[PDB]
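This document opens with one chain alone, in structure tokens, the form solved without its partner chain.
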């Protein structure tokens, strides 16, 4: 009868090569964004400039990763429900490619938007608190890699911020780009929200597995 612990969370964990590449790309973005006059003009929402690398002080300590289901060893809602799925068991330990379409910043978080393939969507949970469907967006829209958080912000916030951004962008509030950074168009969504839409999507290798701490 004896029950088994679940992981702390399921997700795609980037290889060291991929993790370092994306981490470097994220840091260059914060450096460039912070230098951009359009960003400096609207510093209200955050002769001195703001170093965003310092602002987003809390970074993922290990390799970067895209979380599917936070489980807390079973103490999270729907953890056992998610973990016993056939597709989760089959995909365990398996290698995937994650497509990064954009990098974004809010006063709370910094992260990368992941656009899941159809296969990868099968690994996306259905019972997320405040899902994409709740905001008129397709499931898996809030898939992401967290690059950094403000001091009193928890990592789960990054998914909420991406969702909020995509609801702005969906409803035609994207507008025209305020400018351009090296690797894409820079969009200002107001209220401290910024998005860099990559000219060429970035691909990273990651293994779908369970994290225990």
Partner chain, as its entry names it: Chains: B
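Numbering follows the first chain given and starts at 1.
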Original post:
If you count the residues of the deposited sequence that sit between residue 46 and residue 47 but have no coordinates, do you get none, 1 to 3, 4 to 9, or 10 or more?
Top reply: 4 to 9
Subject >> Mean Cα B-factor comparison, 75 to 83 or 106 to 114, giving the higher one as deposited >> reply: 75 to 83
Original post:
Out of 22 to 30 and 174 to 182, which stretch has the higher average CA B-factor listed in the record?
Top reply: 174 to 182
Original post:
In the PDB entry, which of 119, 91, 141, 101 has its C-alpha at the highest B-factor?
Top reply: 119
**OP:** Could you tell me which third, lowest, middle or highest, the C-alpha B-factor of residue 128 occupies within its chain?
**Re:** highest
Original post:
Where does residue 148 sit by CA temperature factor within its chain: lowest, middle or highest third?
Top reply: lowest
Subject >> Chain thirds of CA B-factor: placement of residue 163 >> reply: lowest
Original post:
What third of the chain, by the recorded C-alpha B-factor, contains residue 53?
Top reply: middle
**OP:** Rank-wise, by C-alpha B-factor, drop residue 156 into the lowest, middle or highest third of its chain.
**Re:** highest
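One more form of this protein should be noted, the form deposited with its partner chain bound, which is absent from this view; the next part is about it.
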Original post:
Though only this chain appears here, would residue 124 touch its partner chain in the deposited complex if you measure heavy atom gaps against 4.5 Å?
Top reply: no
Original post:
For residue 22, is any heavy atom within 4.5 Å of its partner chain in the deposited complex, or not?
Top reply: no
**OP:** Determine whether any heavy atom of residue 191 comes within 4.5 Å of a heavy atom of its partner chain in the deposited complex, and answer yes or no.
**Re:** no
**OP:** Could you confirm whether residue 33 comes within 4.5 Å of its partner chain in the deposited complex, counting heavy atoms only?
**Re:** no
**OP:** Can you tell me which bits of 195 to 213 touch its partner chain in the deposited complex, meaning any heavy atom within 4.5 Å?
**Re:** 205, 206, 207, 209, 210, 211, 212
